[PDB]
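> quick one, fold the following:
(2 chains)
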Amino acid sequence: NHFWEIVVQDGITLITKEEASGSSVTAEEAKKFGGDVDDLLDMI
Amino acid sequence: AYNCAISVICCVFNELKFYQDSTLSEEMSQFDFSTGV
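Numbers count the residues shown, from 1 in each chain, chains lettered A, B, ... in the order given. Right below this line is the structure:
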C-alpha cells in the first residue's frame, strides 16, 4: 500500500538506468509511464 | 449428499470446476351403472 506509486510520483526525475542518454531516458520513459473452490464458486 | 450436490451443480453452475360420447358408449355406461360395475 506504500509502493512504487510513491517512487514514481516522486521519482519523476530518475527511477531507472542513466548511462549517458538515449537508452537511459528510454528506460526512464519505459517505467515512469475445496476452500479455493468455495471462494470461486459458492459466492464466486 | 453427493447426489444432492449433483443436482445443485446441474441446476445452475454446471461448470467452472467443482473439485471432482357415443350413443352405445353412453348406454353401456348406464348399463354398468345399473350393474354398479
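
> not counting sequence-adjacent ones, nearest residue to residue B:19?
residue A:37 (4.6 Å; C-beta to C-beta, 6 or more residues apart in numbering or on different chains). The C-beta positions use only the backbone N, C-alpha and C, and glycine is treated the same way.

> need phi/psi at that neighbour.
Main-chain torsions, residue A:37, degrees, to the nearest 10: phi -60, psi -40.

> swap in residue B:18?
phi -120, psi 20.

> helix or strand: which one has the nearest residue to it once chain neighbours are set aside?
Using C-beta to C-beta, 6+ apart and skipping residues adjacent in sequence, the residue nearest residue B:18 is residue B:9, 5.9 Å away. According to DSSP states H and E, residue B:9 maps onto helix B:2-11.

> kindly provide the distance from the closest residue to chain B within chain A to residue A:21.
Taking C-beta to the nearest C-beta, chain B has its nearest neighbour within chain A at residue A:37, 4.6 Å off. Distance of residue A:37 to residue A:21, given as C-beta to C-beta, to the nearest Å: 54 Å.

> next: residue B:34.
From residue B:34 to residue A:21 the distance is 117 Å (C-beta to C-beta).

> near chain B, which residues of chain A?
Proximity of chain A to chain B, by C-beta under 8 Å from any C-beta of the partner chain, involves residues A:34, A:37, A:40-41.

> ok, of those, which come out buried?
Neighbour-count burial (16 or more other C-beta atoms under 10 Å in any protein chain shown) is assigned to none of these.

> any chance of those in a markdown table, plus secondary structure and distance to residue A:8?
Listed next are these as a markdown table, based on DSSP: H, G, I helix; E, B strand; the rest coil; distance: C-beta to C-beta, whole Å:
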| residue | secondary structure | distance to residue A:8 |
| --- | --- | --- |
| A:34 | coil | 40 |
| A:37 | helix | 38 |
| A:40 | helix | 33 |
| A:41 | helix | 37 |
